[PDB]
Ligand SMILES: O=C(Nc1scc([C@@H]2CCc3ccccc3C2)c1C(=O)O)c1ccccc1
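First, one chain by itself: the form deposited without the named molecule, in structure tokens.
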């Protein structure tokens, strides 16, 4: 079975991010679930290239106010 993350922070044995929305000034955050973003843990659109290259259908998690 293949790894999901190829290159990101490989000296960390399990990559977890924790954020408190109280701390944010913005109304929206877009988080990467594909492990291909160059701005991980944030989405930079790299998922579209991944989906085309591999036939996948992954995309980000968005946290936002109405």
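Superpose the two forms; the largest set of C-alphas matching within 1.5 Å is the rigid core. Numbering follows the first chain given and starts at 1.
Omitted here: the form deposited with the named molecule bound. The next part is about that form.
Taking the partner from the other structure, the named molecule in the deposited complex has no heavy atom within 4.5 Å of any heavy atom of residue 7. Looking at residue 3, you'd find every heavy atom of it more than 4.5 angstroms from the named molecule in the deposited complex.
Shown without its partner, the chain has 44, 45, 47, 60, 62, 64 in segment 44-66 as residues with a non-hydrogen atom within 4.5 angstroms of the named molecule in the deposited complex. Once the cores line up, the CA of residue 24 ends up 2 angstroms or more apart between this form and the one not shown.
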